[PDB]
Structure formats: C-alpha cells, structure tokens
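Take a look at the structure below.
Numbering (the working numbering), first residue to last: 2 to 92.
And the structure:
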C-alpha cells in the first residue's frame with residue numbers, strides 16, 4: 002500500500018510540534034502550539050522530508066531537508082520565515 006511520508010520535531014514543554022508531510026511531490030506543514038493544529042507557512046517541492054530543530058535560549062531554529070530525485074534542499078526557519086540553506090551533497 003502507498004502512503005505519504007512524514008517527519009516531526011518538537012520543542013519546549015507545551016510543546017510546539019511541527020509535522021511535515023511529503024505527498025505526491027509536495028511537502029506541507031502542520032503545527033501545534035498547544036491549542037489546535039493549524040497549517041504552517043512551509044510549502045516546498047519534494048518527495049521525501051526529514052527535519053531537525055534546536056533551541057538557542059528561547060528561540061527555535063528548524064532545518065527541513067526536502068529531496069527530489071538526488072537533490073536535497075535545506076530549508077531554514079530562524080524566527081522570521083523560511084530561507085534556503087547552504088546544505089549540499091553529491092548524490
């Protein structure tokens with residue numbers, strides 16, 4: 002059976018949770034901050050997704066690795082929007 006592919010990260014004690022879903026070439030984001038799931042700003046092409054995040058003090062930083070074919074693009078959240086990161090790999 003086919004299925005979408007997800008990746009998840011969380012932080013703090015509430016917690017905040019972010020769940021990324023790769024579905025038929027598109028990666029979208031659902032978010033929890035303690036009071037209901039909502040659709041996040043992240044929307045980028047990809048058939049596979051992984052994620053990691055870390056705090057610096059109270060500030061969250063998220064890195065999402067979105068892959069199409071042999072190309073993995075890193076997307077970066079550092080508090081004010083998603084930008085493309087420096088990640089490269091020779092796949």
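Think of the CB as a built atom: it goes at the ideal place given N, C-alpha and C, for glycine as much as any other residue.
- Taking residue 41 as reference, the option from 51, 82, 67 and 14 with the minimal CA-CA separation is 82.
- By the neighbour-count criterion, in which 16 or more other beta carbons inside 10 Å mark a residue as buried, residue 65 falls on the buried side.
- Excluding residues up to 5 positions away in sequence, 21, 50, 51 and 52 lie with their Cβ nearer than 7 Å to the Cβ of residue 8 in the same chain.
- At least 8 Å separates the beta-carbon of residue 30 from that of residue 76.
- The DSSP-derived three-state label of residue 27 is strand.
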